[PDB]
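Take a look at the letters that make up each chain.
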Amino acid sequence: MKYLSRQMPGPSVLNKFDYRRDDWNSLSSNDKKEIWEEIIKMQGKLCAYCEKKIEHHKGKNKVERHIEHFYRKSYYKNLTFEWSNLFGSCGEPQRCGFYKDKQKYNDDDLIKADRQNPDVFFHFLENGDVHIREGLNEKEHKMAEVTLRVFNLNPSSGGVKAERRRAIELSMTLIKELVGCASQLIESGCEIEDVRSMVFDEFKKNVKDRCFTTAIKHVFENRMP
Amino acid sequence: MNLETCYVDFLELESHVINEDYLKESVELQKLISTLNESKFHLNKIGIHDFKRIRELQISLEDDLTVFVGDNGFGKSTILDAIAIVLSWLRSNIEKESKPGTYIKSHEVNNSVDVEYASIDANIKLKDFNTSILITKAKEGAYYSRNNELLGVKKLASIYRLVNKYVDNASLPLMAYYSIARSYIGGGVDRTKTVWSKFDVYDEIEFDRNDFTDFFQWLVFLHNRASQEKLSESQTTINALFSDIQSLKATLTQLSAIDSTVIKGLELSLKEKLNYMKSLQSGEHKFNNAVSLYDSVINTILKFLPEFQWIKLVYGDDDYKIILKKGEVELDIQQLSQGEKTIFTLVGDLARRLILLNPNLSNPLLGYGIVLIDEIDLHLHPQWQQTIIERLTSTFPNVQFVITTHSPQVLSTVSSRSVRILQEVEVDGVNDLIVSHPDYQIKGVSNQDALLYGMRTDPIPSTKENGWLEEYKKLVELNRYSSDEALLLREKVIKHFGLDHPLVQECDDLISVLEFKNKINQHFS
Amino acid sequence: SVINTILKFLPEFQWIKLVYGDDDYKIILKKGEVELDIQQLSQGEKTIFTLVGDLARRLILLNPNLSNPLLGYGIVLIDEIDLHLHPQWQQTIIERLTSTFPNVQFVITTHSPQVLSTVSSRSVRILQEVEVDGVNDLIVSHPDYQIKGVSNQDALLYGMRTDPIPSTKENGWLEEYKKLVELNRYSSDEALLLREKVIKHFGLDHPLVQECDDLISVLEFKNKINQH
Amino acid sequence: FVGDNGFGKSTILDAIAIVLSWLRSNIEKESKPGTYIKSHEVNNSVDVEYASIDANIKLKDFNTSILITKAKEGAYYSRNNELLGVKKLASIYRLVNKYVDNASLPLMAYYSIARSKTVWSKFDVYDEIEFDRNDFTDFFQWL
Ligand SMILES: Nc1ncnc2c1ncn2[C@@H]1O[C@H](COP(=O)(O)OP(=O)(O)OP(=O)(O)O)[C@@H](O)[C@H]1O
Ligand SMILES: [Zn+2]
């Protein structure tokens with residue numbers, strides 16, 4: 001997960017919709033296209049939860065995407081058309097939105113990408129596993145324990161773990177070379193600060209718009225002196 | 001305590017005492033049985049000379065698992081056929097003394113000018129007891145004739161006959177062979193022994209069609225017998241059976257007076273009833289319940305099919321029918337896929353053989369034997385391939401397996417010490433067979449490395465687009481990537497693979513780092 | 001016409017002929033400088049031989065007017081094409097089938113990931129099982145990437161959705177040792193104990209151990225710099 | 001087609017073979033029965049009533065469609081099989097080959113799994129759509 005910087009509201013036709021009218025299915029294709037125009041802009045080309053690429057650069061409607069509401073419709077019906085409850089999720093039938101609604105859970109123990117930074121709780125590994133950081137209190141530990149369980153982001157084997165491991169191992173050559181140059185610089189004798197700054201900014205430039213960008217960022221910063 | 005020393009001690013003691021009762025409780029017999037129980041049966045070495053397409057070969061077999069890998073024209077099934085010939089002799093002598101086995105027929109010998117005969121050499125090891133057998137056959141019109149040597153096999157089979165003579169609950173080794181024709185056998189298309197003895201299994205070695213029908217009859221009989229246990233019938237049933245047997249005996253006596261087939265059938269029925277009465281007496285003496293065997297077989301089959309809930313026998317239309325519940329739908333046997341039929345028949349046959357050969361063991365799935373399987377990965381998707389080996393060696397841990405495979409996925413789950421690679425290398429104009437081992441350990445590695453090392457094949461295809469990628473990579477690594485030709489090649493690569501493909505991204509990273517290296521050098525120059 | 005069709009399908013051979021010897025008769029195939037009896041062929045080559053022979057036999061008889069009868073029209077269905085085939089054979093069967101008969105429509109089902117790596121992504125369908133409104137039904141999807149020319153495991157992971165790395169017990173110690181290394185706890189006694197088992201099972205020169213040692217050295221140098 | 005075991009990969013191929021059987025029978029002779037759907041092949045769910053198969057054959061711009069259905073025990077069925085579209089095509093081929101000889105015909109073949117005049121001088125049998133591999137002995141003798 002990655003922190004989302006929500007921009008100014010763009011509900012458009014959503015404002016025209018009425019709570020009393022309801023009828024979520026009554027939305028036309030034009031409104032859906034308008035919503036997707038803003039959603040792609042804010043979310044990039046990655047899924048909110050699993051960060052699998054959702055839109056490919058332009059024959060078939062690959063990577064089917066469905067609009068998902070953060071909260072359940074039945075008991076938070078007042079937020080059916082709420083702007084802040086809109087999210088974009090992939091079409092995977094075993095995780096993300098299609099898997100969130102199949103279980104019973106407490107609504108007060110979920111991490112929201114637009115509210116709190118996920119980097120505080122989670123810590124990714126090279127092999128593709130997820131490790132909960134230590135030192136947190138009881139409520140945060142319970143929150144992190146349950147969000148992975150509901151979203152199925154921590155399977156025993158296969159699933160998203162295999163894909164994450166493959167993505168990590170493909171980009172390891174760049175990380176190894178960058179730290180190779182860093183070592184040289186340091187040893188030779190150059191202002192640590194400068195070196196750092198550069199090795200970071202450039203990596204961030206070269207990693208933007210990629211699949212599983214946080215896992216690669218975590219791996220790189222772990223090995224970057 | 002060497003096995004031979006206790007064998008000769010019992011042999012010399014048998015001649016003195018004539019009473020059988022003293023012999024049955026003799027200390028020497030107890031020592032012989034005790035030392036026989038922990039003697040693990042396993043073959044050691046094998047060699048082939050001028051048999052079919054093979055000129056010469058020497059192979060060492062592991063005691064737990066062996067896998068043969070490689071493609072060639074001689075056919076690896078020939079090696080398994082050689083083993084099937086040798087074990088046949090061992091089975092024959094057990095059935096009856098000096099019974100002939102299987103000979104090498106004339107046409108299996110090589111057709112080359114400089115050949116005269118074909119031979120097969122094998123060795124069997126039981127703890128510290130070693131035996132060897134040689135089987136040979138010469139061509140027609142040869143100046144010298146050759147004969148087999150059956151001293152060791154006859155001696156080994158005599159011990160089993162001796163032990164089985166005094167104790168009626170002796171355990172015997174298991175031998176089986178599953179060829180590639182079982183695919184038709186397991187089809188189960190829509191095509192009654194009252195007592196079962198361990199000698200029925202020894203009728204044939206190779207898996208055949210009639211085994212499935214015998215499996216159905218055995219399952220029906222076992223379920224019916226377990227029904228009486230469920231009803232908890234008292235000893236009055238035994239009295240009724242004894243009365244029926246007495247009436248049959250009186251009818252036989254009347255028949256003997258003033259119909260040979262009828263007499264034979266009545267005698268066979270009387271013998272079967274006497275066997276059933278002896279089974280009732282053993283029930284009084286207590287034994288493993290038919291319910292325990294029934295659920296042992298059902299759970300054994302269910303271990304390999306995790307997608308099924310239960311299997312039951314349903315009596316309808318004056319007949320029996322097998323019903324399997326998958327998910328929330330009841331299914332018939334004939335409606336299953338090919339893979340499930342194959343697994344169902346293979347595991348059912350193995351379980352039946354092991355159960356029938358060890359009537360005395362508390363858990364009959366722990367007997368000894370040797371099993372040869374050809375093309376283990378028939379009709380199996382990659383998910384099942386990675387777990388079939390572990391389940392096979394976990395359900396039956398005391399049985400030695402010899403397997404030939406063709407898939408890297410299966411090969412990635414076996415240790416590197418159980419892999420033999422067969423290669424044909426032409427030396428001095430003559431093709432020669434050699435056996436090698438993998439360079440590195442292959443247990444737990446990815447299936448690509450298992451294909452690269454265990455099979456020595458390139459895991460990347462040679463399509464036209466691969467040539468484009470390789471050529472572009474050479475230019476990038478050679479630092480003159482900035483050229484018109486490279487631009488033309490790159491446009492083709494982007495057109496085919498696409499800009500978001502990871503392979504193209506790796507090349508982009510290679511370009512970027514090279515561009516940055518001179519920039520950083522210039523910055524701190 | 002039949003013989004030439006088979007020769008075109010397999011260009012590794014020079015000619016095929018039937019020879020009546022002094023006492024026997026047999027079919028001889030020549031490749032390079034070696035002549036092989038037809039019976040010496042393996043099971044896979046026999047299967048290919050009879051499949052191509054039957055296809056050519058039907059095509060010749062159905063088009064008696066065309067100059068080249070190999071340009072007919074029709075539909076052919078093949079089930080489990082990868083049966084009884086070595087991996088080296090599986091990597092070229094599709095190209096030859098689609099090049100010998102260029103005007104026929106093919107429908108093929110397969111289990112081997114090696115075949116998938118030679119097929120374009122526009123002709124791949126994947127069958128899954130999903131439940132909608134309480135009813136479980138099948139569904140058809142498409143691959144999200146291009147799988148032509150990629151390695152074997154990439155094709156297995158993307159075109160079949162399966163883990164390419166087994167879950168063996170010996171693997172269990174590997175990820176635990178890796179995880180302890182990444183948490184800067186490689187000097188712990190538990191890591192030292194686990195390293196004995198791993199190094200015993202794999203060996204010093206195995207590449208997996210080599211990369212682990214490289215990570216150890218990198219982390220050690222970073223700790224040295226941070227400490228100073 | 002890629003999938004696991006028990007996912008209906010062989011069902012699709014058998015469905016297409018069922019569809020093509022009727023066209024072949026009509027080509028050989030008008031008003032000839034093809035291959036029917038077996039009773040055990042129907043779904044075993046509680047609420048099912050009938051099973052239907054539909055197909056579309058496109059020849060340049062000419063289009064045709066064939067539907068075959070069978071009901072096990074449902075009171076209401078989908079009438080009968082609609083074979084009107086395939087009879088026009090069969091009559092077209094019969095017309096073209098009746099006047100001018102040495103014509104051409106489409107090829108239909110199905111290489112199944114284990115399971116289990118009129119140019120007959122050569123001994124090749126066109127009557128059977130199904131053919132089985134691993135029969136090298138027969139082809140060797142034919143050659
Ligand atoms: N009458 C039936 N009702 C419901 N499901 C059935 C019925 N008959 C068969 N099936 C289903 O058919 C499935 C197997 O179908 P199928 O033979 O197409 O599988 P496959 O693995 O693709 O086959 P193959 O190995 O022949 O290619 C089983 O899982 C079973 O659930
Ligand atoms: Zn997602």
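Residues numbered from 1 in each chain as written, not as in the entry; some residues may be left out. Chains lettered and ligands numbered in written order. Part of a larger assembly, values for the part shown. Heavy atoms only, no water. Residues with missing side-chain atoms left out of burial classes, pairs and counts.

- The deposited coordinates for this entry were obtained by cryo-EM, with a reported resolution of 3.13 Å.

**Focus on the overall build of chain D**
Right, on to step 1. Per the secondary structure count, chain D includes three helices and four strands.
Right, on to step 2. Its C-alpha radius of gyration of 18 Å places chain D more than 25% over the 15 Å reference for a compact globule of 143 residues.
Right, on to step 3. Seen along its three principal axes, the alpha-carbon backbone of chain D occupies a region of about 50 × 40 × 25 Å. (Helix = DSSP H or I, 4+ residues; strand = E, 2+ residues; numbered from the N terminus. Rg over C-alpha atoms; globule rule 2.2 N^0.38 Å.)

**Some remarks on the overall build of chain C**
Right, on to step 1. Scanning chain C from N- to C-terminus turns up nine helices and seven strands.
Right, on to step 2. In terms of overall size, chain C is more extended than a compact globule, its C-alpha atoms giving a radius of gyration of 27 Å where 228 residues would be expected to give roughly 17 Å.
Right, on to step 3. Its C-alpha atoms give chain C principal-axis dimensions of about 85 × 60 × 30 Å.
Right, on to step 4. By sequence separation, contacts in chain C at least 24 residues apart represent 51% of the contacts at least 6 residues apart. (Contact = heavy atoms within 4.5 Å.)

**As for the packing of helix α7 (residues 210-231) of chain B against helix α10 (residues 290-304) of chain B**
Residue and element names in this part refer to chain B.
Right, on to step 1. Taken N-terminus to C-terminus, the directions of α7 and α10 make an angle of 135°; their axes are 8 Å apart at the nearest point. Judged by the inter-axis angle, α7 sits oblique to α10. Helix-helix and strand crossings are classified by hand; for α7 and α10 the assignment is left-handed. Together, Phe215, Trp218, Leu219, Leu222, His223, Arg225 and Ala226 of α7 and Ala290, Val291, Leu293, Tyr294, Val297 and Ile301 of α10 make up the contact between the two elements. (Axes fitted to C-alpha atoms, helices over the stretch in contact; angles between N-to-C directions. Parallel < 35°, antiparallel > 145°, perpendicular 65-115°, else oblique. Left-handed = near helix turned anticlockwise from the far one by under 90°.)

**Notes on the interface of chain D and chain C**
By a frequent convention, interface size equals the accessible area lost on bringing the separate parts together.
Right, on to step 1. Between chain D and chain C, the residue contacts involve 32 residues of the former and 43 residues of the latter.
Right, on to step 2. Elements supplying a minimum of two residues to the side of chain D that touches chain C: α1 (9-28), β3 (107-111) and α3 (136-142) of chain D.
Right, on to step 3. Considered class by class, the residues forming the side of chain D that touches chain C number 22 nonpolar, six polar and four charged. (Nonpolar A, V, L, I, M, F, W, Y, C, P; charged D, E, K, R; others polar.)

**Quick word on the pairing of strand β7 (residues 308-316) of chain B**
On a regular strand, one side chain projects to one face of the sheet and the next to the other, so that they alternate.
Residues and elements named next belong to chain B.
Right, on to step 1. The pairing of β7 with strand β8 (residues 319-326) spans eight bridges and is antiparallel. Pairing of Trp310 across the sheet is with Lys325, part of β8.
Right, on to step 2. Where β7 folds back on β8, the antiparallel hairpin that results is connected by two residues, among which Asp317 adopts a positive phi of roughly 55°. (Pairing = 2+ DSSP bridges.)

**Some thoughts on the sheet that holds β8(B)**
All names here are of chain B.
Right, on to step 1. If you trace the three strands from one edge of the open sheet to the other, you get β7-β8-β9, paired in antiparallel fashion. The open sheet is flanked by β7 and β9 (329-332), the only strands paired with a single partner. Across the sheet, the mean angle from the axis of one strand to that of its neighbour is 35°, orientation sign disregarded.
Right, on to step 2. Against the sheet, α7 contacts β7 and β8, and its axis sits at roughly 90° relative to β8.

**Describing the interface of chain A and chain C**
Right, on to step 1. Facing the 18 residues of chain A at the interface are 18 residues of chain C.
Right, on to step 2. Here the side of chain A that touches chain C takes four residues from helix α5 (residues 160-170) of chain A, the largest share from any one element.
Right, on to step 3. Looking at side-chain class alone, the side of chain A that touches chain C contains five nonpolar, six polar and seven charged residues.

**Looking at the pattern of salt bridges**
Residues and elements named next belong to chain B.
Right, on to step 1. Of the charged contacts in the structure, one is a salt bridge between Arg352 and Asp211, with a shortest N-O distance of 3.5 Å.
Right, on to step 2. In this structure, the salt-bridge partner of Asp349 is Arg352, at a minimum N-O distance of 3.7 Å. Highlighted residues: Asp349 and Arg352, both in helix α11 (residues 338-357), separated by three residues, approximately one helical turn.
Right, on to step 3. It is possible to trace a salt-bridge network through shared partners that takes in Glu62, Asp64, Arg417 and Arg420. (Salt bridge = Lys/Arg side-chain N within 4 Å of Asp/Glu carboxyl O.)

**Let's talk about the environment of B:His49**
All names here are of chain B.
Right, on to step 1. Along the chain, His49 turns up in strand β1 (residues 42-51).
Right, on to step 2. The sequence separation of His49 and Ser15 amounts to 34 residues, and the corresponding C-alpha distance is 44 Å.
Right, on to step 3. Residues within four places of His49 in sequence aside, it is in contact with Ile54, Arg55, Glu56, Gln58, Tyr117, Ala118 and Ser119.

**Regarding the pairing of β8(B)**
Residue and element names in this part refer to chain B.
Right, on to step 1. Sheet topology note: the β8/β9 ladder contains four bridges and is antiparallel. Within the sheet, the bridge partner assigned to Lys326 lies in β9 and is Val329.
Right, on to step 2. Here β8 hands over to β9 after two residues, with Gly327 in that stretch at a positive phi of 65°.

**What to know about the sheet that holds β3(D)**
Note: strands within a sheet are paired through backbone hydrogen bonds, in either parallel or antiparallel orientation.
Right, on to step 1. Read across the sheet, four strands follow the order β5(C)-β4(C)-β3(D)-β4(D) without closing on themselves; strand pairing throughout is parallel. With partners counted over all chains shown, the strands left at the sheet margins are β5 (104-109) of chain C together with β4 (130-131) of chain D, one partner each.
Right, on to step 2. Set on the sheet, helix α2 (residues 43-62) of chain C makes contact with β4 (74-79) of chain C together with β3 and β4 of chain D; between it and β3(D) the angle comes to about 160°.

**Some remarks on α7(B)**
Right, on to step 1. If you check α7(B), its first and last C-alpha atoms are 32 Å apart, about what 22 residues at 1.5 Å a residue would give, namely 32 Å.
Right, on to step 2. B:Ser232 sits one or two residues past α7(B) and shows a positive phi near 55°. (Expected span 1.5 Å × (residues − 1).)

**Topic: the packing of aromatic side chains**
Right, on to step 1. For the ring pair B:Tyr315 and B:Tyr320, a centre distance of 5.0 Å and an interplane angle of 70° mean the geometry is edge-to-face.
Right, on to step 2. With centroids separated by 5.9 Å and ring planes inclined at 80°, the aromatic side chains of D:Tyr111 and D:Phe131 adopt a geometry described as edge-to-face.
Right, on to step 3. Across the ring face of C:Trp173, the terminal group of C:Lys197 is positioned such that the distance to the ring centre comes to 5.7 Å. (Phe/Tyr/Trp six-rings, centres within 6.5 Å; stacked < 30°, edge-to-face > 60°. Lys NZ or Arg CZ within 6 Å of the ring centre and 35° of its normal.)

**A few points about the arrangement of the chains**
Right, on to step 1. For this structure, the chain pair with the highest number of contacts among five pairs of chains in contact is chains C and D.
Right, on to step 2. At no point do chain A and chain D touch; the closest pair of C-alpha atoms across them sits 16 Å apart.

**Examining unusual backbone geometry**
Right, on to step 1. The phi dihedral of B:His379 is positive, around 55°, even though this residue is not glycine.
Right, on to step 2. Mapped onto the elements of the fold, B:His379 is located in the loop between β10 (369-374) and α12 (382-395).
Right, on to step 3. Backbone geometry at D:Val119 places phi at a positive 50°, although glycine is not the residue there.
Right, on to step 4. Mapped onto the elements, D:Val119 comes out in the loop between β3 and β4.

**Considerations on the packing of helix α7 (residues 192-207) of chain A against helix α8 (residues 213-222) of chain A**
Residues and elements named next belong to chain A.
Right, on to step 1. Packing of α7 against α8 leaves a shortest axis separation of 11 Å and a crossing angle of 160°. By the angle between their axes, α7 is roughly antiparallel relative to α8. For α7 against α8, the interelement crossing comes out right-handed. Across from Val199, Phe200, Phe203 and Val207 in α7, the residues of α8 making contact are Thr213, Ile216, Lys217 and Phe220.
Right, on to step 2. Of the residues in the contact of α7 with α8, the class split is six nonpolar, one polar and one charged.

**Remarks on the environment of A:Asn206**
Right, on to step 1. The residue A:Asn206 is located in helix α7 in this model.
Right, on to step 2. Side-chain polar atoms of A:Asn206 contact the side chain of A:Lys205, separated by 3.0 Å. (Polar contact = N/O pair within 3.5 Å; in protein donor to acceptor, adjacent residues only side chain to side chain.)

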